[PDB]
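Below is one structure, written out as C-alpha cells, with a few remarks after it.
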Amino acid sequence: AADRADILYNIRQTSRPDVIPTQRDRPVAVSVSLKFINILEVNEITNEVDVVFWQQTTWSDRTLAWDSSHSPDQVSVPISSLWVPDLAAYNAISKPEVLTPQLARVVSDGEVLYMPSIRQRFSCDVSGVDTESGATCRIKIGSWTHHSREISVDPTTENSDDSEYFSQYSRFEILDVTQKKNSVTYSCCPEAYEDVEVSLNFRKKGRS
Amino acid sequence: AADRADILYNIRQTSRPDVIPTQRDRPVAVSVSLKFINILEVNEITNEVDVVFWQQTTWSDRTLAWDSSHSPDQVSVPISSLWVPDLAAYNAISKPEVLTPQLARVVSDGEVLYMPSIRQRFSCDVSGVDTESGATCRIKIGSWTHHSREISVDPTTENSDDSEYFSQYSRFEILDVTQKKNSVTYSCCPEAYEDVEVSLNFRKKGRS
Amino acid sequence: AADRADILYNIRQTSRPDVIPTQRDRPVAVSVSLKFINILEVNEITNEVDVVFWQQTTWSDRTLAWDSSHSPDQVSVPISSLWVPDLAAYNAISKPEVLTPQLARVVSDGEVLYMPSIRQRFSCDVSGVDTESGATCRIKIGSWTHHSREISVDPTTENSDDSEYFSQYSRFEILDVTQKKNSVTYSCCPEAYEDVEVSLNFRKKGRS
Amino acid sequence: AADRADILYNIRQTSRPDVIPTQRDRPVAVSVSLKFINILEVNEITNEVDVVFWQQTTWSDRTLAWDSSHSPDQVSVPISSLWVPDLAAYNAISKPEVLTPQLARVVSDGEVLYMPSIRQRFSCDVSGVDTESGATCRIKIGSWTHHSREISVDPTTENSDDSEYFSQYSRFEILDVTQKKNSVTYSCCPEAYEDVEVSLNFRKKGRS
Amino acid sequence: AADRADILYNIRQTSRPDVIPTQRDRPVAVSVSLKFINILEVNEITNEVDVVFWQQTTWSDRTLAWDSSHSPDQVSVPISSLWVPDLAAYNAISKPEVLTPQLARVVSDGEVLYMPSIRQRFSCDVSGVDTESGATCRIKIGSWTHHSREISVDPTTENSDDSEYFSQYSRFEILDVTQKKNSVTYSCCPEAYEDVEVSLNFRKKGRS
Ligand SMILES: N#C/N=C1\SCCN1Cc1ccc(Cl)nc1
Ligand SMILES: N#C/N=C1\SCCN1Cc1ccc(Cl)nc1
Ligand SMILES: N#C/N=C1\SCCN1Cc1ccc(Cl)nc1
Ligand SMILES: N#C/N=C1\SCCN1Cc1ccc(Cl)nc1
Ligand SMILES: N#C/N=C1\SCCN1Cc1ccc(Cl)nc1
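Protein chains in written order, with PDB author numbering: chain B, 0 to 207; chain A, 0 to 207; chain E, 0 to 207; chain C, 0 to 207; chain D, 0 to 207.
Right, dumping it as C-alpha cells:
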C-alpha cells in the first residue's frame, strides 16, 4: 500500500551502494549491451574514434526487492542510492561522458536496469574505415575491480537490429556489431576478470 | 503572515527531490518549450550543430503548495531542493551545458517553472542550411527513465515569434520552429516514452 | 568583545543563503559594475568575444549586521555562506569561469561586496573591431529568476577610467565603456526583469 | 561469519583517510609500477607527450585487517574511504586524469591495491622518437608531501614485459621501460623524497 | 606521547579554515616564492604564456602548535582542514590548475607550508622572447579579499638558482627571476592589497 516515496525510503535502508549484492556467495551476473547511437570524430591516423552509445546494463540486487501487490512495481532511483557494477572500457582514452540523468530502473523483485547515454573516445583499429569492408573497432568493457568470482559479464543475446538506435545523420554506417565474451588476465593480479568484447564494424558512407 | 524563509523552510520539509510527484496513477504533466537564443556552430558534412536555447519547463508538484493569502505567492528555489523531470535530448552528442543559476520558480499553487539557458550539441539534419529554404534540425527531448504512464510531455503552442529571443548577431537566422508531441519506443523496453519533437528550420544569413 | 571567529559564527547562524534578504518588502538593490581586464579571443565572423573582467557586485543584507564598536567591522566570507544575487549574462555563450577565491567582503552594517574575476565568452557585435571606430560589444547582466519587484540592478557609477584595470598587453584597447541600466520582458513571463547593459567599445591596436 | 557488508562497514569505520598508516615508527612502504597502455600525442618540438598508463600501487594498513577464517579475504572499496599515498608525477604538465572507477582492493591482511588507468601529459625528452633508437621519456613519480621517513617508494619488483599492456594500435611502440627507484631533494626543503624514475624508451612505428 | 592521528585531531579541533589566524590585530604574514618548472604554450602575438610553477607558500597559526619533543614535529594535512591565504594571480587569464595533492605541512611550532605545483596562463609581456635579451613576463600574486592590514605577503628572496627546478626540456630558458614585494589599489577599493611581483626573464633556445 506504500507509495513511491516509501519504496525509495526503504531502498535507502536496505541498499548498500558500496556493497556488491553477492548472494549465496555466487558472482553477480551483469548483462551489458551497447546500443550505438553515433560515430563522430574518427582519426584513422591515430586509431582513435569518438562514440556515443547507450549502455544497457542489467543485474539483480536481492536487497532491493519489495512487495508490489498493492503498490507500484517500478521506480527510478539515483544510482548513488544503489550499488552499481564498476564497469569500464579497458581501451578507453577518455573518461565516459554521461549525457543523461543518472537514474536506474528498479523492479520490486530486485531487477535493476541502468542505461546511460555515453560519449567516449576509444583506442582501436580504425584502419579500413574508408573502404568497402570497413573498419572493425573493438571495445572491451568489464569490471575494473571485481574478478570472475564476484562479477560475471555476459552480452545480452538478442538479434535486435545493429543500427536500430544508430543516427541516420551520422557520416558513418554500421555494417555489423558482434558482442562476444572474454576473460582478461595479467601478471599484476592472479585471478581473471570477465569482459564483453564489442566489435564495431563500420565505414564511411557515400564512397565511390 | 509568513516570509520567504518560511516558504523555503516549508519546501525543505515536504519536497521529495528523488520521488516523482504523481497523483494516483495519473502521470506528471511536464510542459517543454524551447526558446532558441543562438545557433553557434553548424557542420554541413558531419550534420552537427551547437545551439543555445532556454528550456522552458513547467509542471505541478502539489506537495509544495502553501497559503499565500498574506505572504509571497512565489519564490526562487535551488533545483537541488525540488524534484525535477529527468528530461534529456535523445539526439544530443554532448552533455547539456547549463549557463544560468540553477533555480526554479515555485508558485504557491504548486506550479513549478525551471527555465535554464542551455548550450548543447546535437546530431540532426543540416542539409540545405545554405539554401533559401534552409535546413531542418529536429531535436527530441523527453523523460529518460519514466515511461508515459509516469511522465507526459507536451509543447506550448502560441503566437510567439521563433526569433523573439534569437540573437541578431548569430551567423544564422530562424525561419520557423514547430514543437510537436511524439513517442519513442525501442526493443530494450516494453512501455513507450513521451517526447517533444522540436523542429528548427534555419538557414545561414545572406548578404541581404 | 567579539572576534573574527565569533563574527563568522553569528553570520552562519543568521544568514539564509537560499532566501533573498528582502527589506520592508522592497526589492533588494543590487549594484553591478564590470572592470574589464582583458579582451582575448575575438571573432568578427562569428560575433563572439572572450573577455576577462572583475564583476564588482554590492548589496545589503541586514541579517548579517553586528555591532563592531570594539570589534572588526569587516570580514571575508565564502559566498556559500551567504545569499548571492542569481546574476547571469543574457548573451553569454559559455558558463562564467571564476578565476578567483569565491569569498565576499561583509561589513558590520550588512553591506556585502563580491568582486570575482571572470573569464567568459559572449555573443555580441564584433563588427568593426579592426577599424578606427572599433567594435561595440554589449553585455547584458541581471537576475535570472528574480523580477523587478524582488531584485533591482543598477550600474555602480563611479569616477574611473575605462581601462584603469585593463591589461596593457592585450592585442586590443578600450575606447569607451558605458554601463546603462535597462529592463527585459518576454511572452514567457508576465513581469519584467532588470538588467545592466555594458557597452564595450574596443578595437584592435593599430601599428605604424 | 561476517559478510562483505560487515567488512565494508568495519573498514569505513576504522579507516583514517587523512592519517598516514605508519606501522610503528617505520615509513609506509609504497610500491609503484606503471603499465603503459598507450602513447597518444607526442611533440618532439615541445618535448611533451600524452600517455595512458595503469598505475599499480600497493601498500599496507593494518587497521583494516580483519579475520577471514570464514569470510571474504578481499573487498572493493572507494579510495575516498581510505588513506591513499599522495603520489604526484614530478614532471607532469597536466593533472592526472583517472579514467576508471576509483576503487581499491583491500585484502584481509591489511594489504591495499589501487591501480587506476591514468591519462596525463608530461614534460620529457622526446628527441629521437622518429629514429631506430627511439626517444627516452623519463617520468618521476613519488610522494608530494611525505619524505623518506614517512613514505618509501619502490618499483614493483618483478621481471615482466614492457609492452604486455601496451596498445597494438598506438602510433608508437615500446622498446624498453626501466623503472628504477630514486630520490629527490631541494634547497627549499632539507629532507629527501623518494620516487620511481620510469624510463620510457619508445619510437614511432615504421611505415612498413 | 602522541601519534600523527592525535596531531591531526588537535588541528581539526582548533583550526578555523574560514577564519584568518590574526594575532592581536596584526596582519597574518604570508611568504610567497614561485619556483618555475616549465614555460609552455608561448604566444608573442597575443602576449600570453602558459607557466608551471611550485608556489611555495608559508604562514603561521600558533594555535595549531604542539610539543614534539617525543612526537612528530610535522604532519601532512588536507588544506580543506586548514585556513589558507586567498591568494590570486592578478594577471592570470585561466583558473589555476593544481597538479599535485592538495596537502599542506603543519609544523609543531605552528608553521604551515603549502607548495602546490600549478599550471596557469598569464597575460604579460612576451615581446623579445626570441631575442638574446629574451622577454620579461610579470606575474602578480596576492590576497584577493584581505587588505594590507589583514594579510601581508613578501617574497622569500634567498640565494637560489632560478632554474634549479626548471625543466631542461622546455623550449625556453630562464635568464633571471626577480621576486619583489609590491602593492595595488583601485578606485573600487579604499585600502591596499599586498602582492609579490615576480619578473620572469626568459627566452627561447636557439643554438646560434
Ligand atoms: N588481469 C588483470 N587486471 C585487470 S583486468 C581489469 C583491471 N585490471 C587491473 C586492476 C586490478 C585490480 C585493481 Cl584494484 N585495479 C586494477
Ligand atoms: N524505448 C526506450 N528506451 C528509452 S526511451 C528514452 C530512454 N530509453 C532508454 C532507457 C530506459 C530506462 C532507463 Cl532506466 N534508462 C534508459
Ligand atoms: N521575460 C523573461 N524572462 C527572463 S528575463 C531573464 C531570465 N528570464 C527567463 C526565466 C524566468 C524565470 C525563471 Cl525561474 N528562469 C528563467
Ligand atoms: N625537495 C623538495 N621538495 C619537494 S619533493 C616533492 C614535492 N616537493 C615540494 C613540496 C614539499 C612540501 C609540501 Cl607541503 N609541498 C611541496
Ligand atoms: N585595489 C583593489 N582591489 C583589489 S586588489 C586584488 C583584488 N581586488 C578587488 C577585490 C576587492 C575585494 C573583494 Cl571581496 N574582491 C575583489
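We treat Cβ as the ideally placed atom computed from N, Cα and C, and that holds for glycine.
Short CB-CB distance (under 9 Å) between residue i and chain C
i, result
"residue 64(B)", "no"
"residue 124(B)", "yes"
"residue 44(B)", "yes"
"residue 149(B)", "yes"
"residue 206(D)", "no"
"residue 59(D)", "no"
Cross-chain neighbours of residue i in chain A, by beta carbon under 8 Å
i, result
"residue 15(E)", "4, 7"
9 Å Cβ cutoff, residue i in contact with chain B
i, result
"residue 85(A)", "yes"
"residue 113(A)", "no"
"residue 164(C)", "yes"
C-beta neighbour in chain E for residue i, strict 9 Å
i, result
"residue 172(D)", "no"
"residue 54(A)", "no"
"residue 128(D)", "no"
"residue 186(D)", "yes"
"residue 110(A)", "no"
"residue 116(A)", "yes"
Beta-carbon spacing of residue i, residue j below 9 Å
i, j, result
"residue 169(B)", "residue 39(B)", "yes"
"residue 87(A)", "residue 120(A)", "no"
"residue 56(E)", "residue 80(E)", "no"
"residue 65(A)", "residue 33(A)", "no"
"residue 106(D)", "residue 98(D)", "no"
"residue 174(C)", "residue 17(B)", "no"
"residue 138(D)", "residue 123(D)", "yes"
"residue 144(C)", "residue 104(D)", "yes"
"residue 93(B)", "residue 96(C)", "yes"
"residue 125(E)", "residue 37(E)", "no"
"residue 128(C)", "residue 43(C)", "yes"
"residue 148(A)", "residue 49(A)", "no"
9 Å Cβ cutoff, residue i in contact with chain A
i, result
"residue 202(B)", "no"
"residue 103(E)", "no"
"residue 199(B)", "no"
"residue 34(B)", "yes"
"residue 30(B)", "no"
"residue 107(B)", "no"
Candidates the options, of which the one nearest residue i by Cα
i, options, result
"residue 177(E)", "188(E), 158(E), 29(E), 42(E)", "158(E)"
"residue 156(E)", "179(E), 76(E), 122(E)", "179(E)"
"residue 150(A)", "84(A), 68(A), 181(A)", "84(A)"
"residue 58(C)", "190(C), 46(C), 67(C), 22(C)", "22(C)"
"residue 182(C)", "152(C), 104(C), 205(C)", "152(C)"
"residue 162(D)", "191(D), 76(D), 143(D), 201(D)", "201(D)"
"residue 9(E)", "48(E), 74(E), 26(E)", "74(E)"
"residue 187(A)", "190(B), 164(B), 196(B)", "164(B)"
"residue 146(C)", "189(C), 60(C), 136(C)", "189(C)"
"residue 14(C)", "20(D), 13(D), 4(D), 70(D)", "4(D)"
"residue 63(D)", "26(D), 76(D), 69(D)", "76(D)"
Contacts that residue i makes with chain E (C-beta to C-beta distance below 8 Å)
i, result
"residue 100(A)", "85, 86, 87, 143, 144"
Within chain A, the residues that residue i reaches when beta carbons sit closer than 7 Å
i, result
"residue 37(B)", "92, 122"
Where residue i meets chain B, residues with beta-carbon distance less than 9 Å
i, result
"residue 47(C)", "Those within 9 Å of residue 47(C) in chain B number zero; the least Cβ separation is about 16 Å."
Closer than 9 Å at the beta carbon, the chain A residues around residue i
i, result
"residue 19(E)", "3, 74, 75"
Proximity test, Cβ basis, 9 Å: residue i and chain D
i, result
"residue 97(E)", "yes"
Chain-ordered neighbours of residue i on chain E, where CB pairs are closer than 9 Å
i, result
"residue 41(A)", "Going along chain E, no residue has its Cβ under 9 Å from residue 41(A), so there is no contact; the nearest lies around 11 Å."
Proximal residues of chain E, C-beta to C-beta of residue i below 7 Å
i, result
"residue 210(A)", "Beyond the ends of chain A as shown, which are 0 and 207, falls residue 210(A); an answer cannot be given."
Beta-carbon neighbours of residue i, restricted to chain C and to distances below 7 Å
i, result
"residue 51(D)", "92"
"residue 159(D)", "186"
Cross-chain neighbours of residue i in chain D, by beta carbon under 7 Å
i, result
"residue 168(E)", "46, 122, 123, 124"
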